[PDB]
Each structure stands twice: as C-alpha cells, then as structure tokens.
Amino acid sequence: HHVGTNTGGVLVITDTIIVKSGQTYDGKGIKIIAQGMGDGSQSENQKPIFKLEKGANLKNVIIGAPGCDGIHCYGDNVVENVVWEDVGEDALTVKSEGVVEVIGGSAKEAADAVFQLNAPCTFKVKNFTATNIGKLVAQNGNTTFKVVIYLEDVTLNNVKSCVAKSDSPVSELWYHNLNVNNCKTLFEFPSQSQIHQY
C-alpha cells in the first residue's frame, strides 16, 4: 500500500476546488481542511469542498473537518479512495444526471445523510465503509424521478435512520455483499419490492 506522496500534508483551502470535464484531481493522500466555507453542521448554505463537473474525477483525498457541503457531482464522475473524516451537511451530492461511482474510501460522523441524490442518476458505492451515520443514501425528499443505487461490498456500522431513503416509487436499490451493524431499519422506500439483491 504505497500511501501517496502528499500524505502528512494538509491543504487549507478558502474556496471550492473545481475539477473540469475530463480532468482527474489526484490528491495523492493530501488532507484538505476548508476554511470559511461552512462548519460541517446541518445548515443548508455551506459550500462544497469540491465541484466535479460532468466527466470529472477525484481520487486520493482525505476531507478533514469541517466537511462543509462535501463533494458536488454533476454526472459521469468517479470518486476513488476518498475519506471523509467527519462528514459535513452531507458527504457527496449528485446534482445533475449521469453515472456516479464512489469506489474505496470511507466516511464517518454523518449527522444526517452521507450521499444525497438530487437528480436522476445511476449511483454506485463500491468497497466502502461508513460508521456513525444517519443514512448512507437519500434521494431528495418528495421527489419522484428515478435513481438506481448499487451498494457493492459495503460495510456500515451505527446507522441511526436507515441505509437508504427514497420517496420515489420508480427508484431502485440493488445490493451485493452488504454488511450492516446496529441499524434502525434498512430501507425507507415506498415499497420494499424496490430493493433487490444481486
């Protein structure tokens, strides 16, 4: 496990990092601390640490407290080996349509949702651990567009509300090698038949 060459460095930022289409931001293990962008509370007007435009990728960062409004993803994004040490309002939001994959990494201390889906998308969480969270995935409340969520090799500990919540009857959640400890209720969807294994 060659840890990255920026490991032990801390980057203090005062504005959102914008990653453009076709660009990959590779932090090489850098820890990011945002200043002036939010306190990581549940206040809904914090800034994102990263804005990933459509077709942008992000890898190998640690997001330190304050988690602010985390990572905004505008579709067709891969987010690989990102560690949220203390999730802010949420960890990652899907803001526009496309495929978004979170592969590797982990999240801890989400007072409410880790992943927030606000546009129709295909959303995959793979090889991921999260501890002390309200929900792993939430589709924006009272919306009825379609998301399809895949949880593959995911381990969850201490889930206060549920693994995933959606108010959309057309949305679907598919899981494969999902391990959950200390969780209220697994899935808050209009019908449990929207949830499938594979």
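Residues carry their position along the shown sequence, with the first being 1.
The PDB entry reports B-factors from which the mean C-alpha value can be compared for 23-31 and 167-175; the larger average falls on 23-31. Once the C-alpha B-factors are averaged per stretch, 3-11 and 189-197 rank with 3-11 first. Out of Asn45, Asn158, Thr155, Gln139, it is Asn45 whose C-alpha atom has the highest B-factor in the PDB entry. By the numbers in the PDB entry, the CA B factor is greatest at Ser41 among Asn132, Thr144, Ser41, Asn60. Looking at the C-alpha B-factors along this chain, the one for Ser106 belongs to the lowest third. When the modelled residues of the chain are ordered by their C-alpha B factor, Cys162 lands in the middle third. Sort the modelled residues of the chain by CA B factor and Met37 lands in the highest third. Looking at the C-alpha B-factors along this chain, the one for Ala56 belongs to the highest third.
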